[PDB]
């Protein structure tokens, strides 16, 4: 087919990409919050080992 | 015509969608558990500070 159309995939591919990049940004926000919560848990376990200690 | 979707893509699009909505539900369950674990860590830090203090 000419160019890159006979194409009905822009809304589905931009939707999947916005939801995959949205899920990757939510995963980076959650990996951020889970590395922060992992540092906060490690500070809360270091505090809880200082508190338990 | 060019209206209803391409050659074959319901299993791949429902597969990607069930895996993207599944990843978004796992991310909403993990954002749920990480907002709950962030509330638990904030409760646990606030408790560790009501405690440290």
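Note down the nm distance, to one decimal, between modelled labels 7 Å out along Cα→Cβ at residue A:52 and at residue B:47.
Between residue A:52 and residue B:47, the label points sit 1.4 nm apart.
Along the principal axes of its C-alpha atoms, what lengths does the protein assembly as shown span, in descending order and rounded to whole Å?
72, 23, 16
Taking a label point 7 Å out from Cα toward Cβ, give me the nm distances from residue B:36 to the same spot in the other copies, shortest first, one decimal.
2.0
What spacing in nm lies between the two simple spin-label points modelled at residue A:35 and residue B:33, each 7 Å away from Cα in the Cβ direction?
2.0 nm
Can you give me the orientation-averaged projected area of the convex hull built on the Cα atoms of chain B, in nm²? Before the final figure, lay out each step's value.
Working: hull surface 18.9 nm².
Mean shadow area of the hull around the Cα atoms is 4.7 nm².
Tilt of helix A:10-52 relative to the longest C-alpha principal axis of chain A, in degrees (0 to 90, nearest 10)?
Long axis of A:10-52 versus the principal axis of chain A: about 0 degrees.
Laboratory data are not the source of any read-out in this text; all were calculated from the coordinates shown. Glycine gets a Cβ as well: all are built from the backbone with ideal geometry, and neighbour counts include every protein chain shown.
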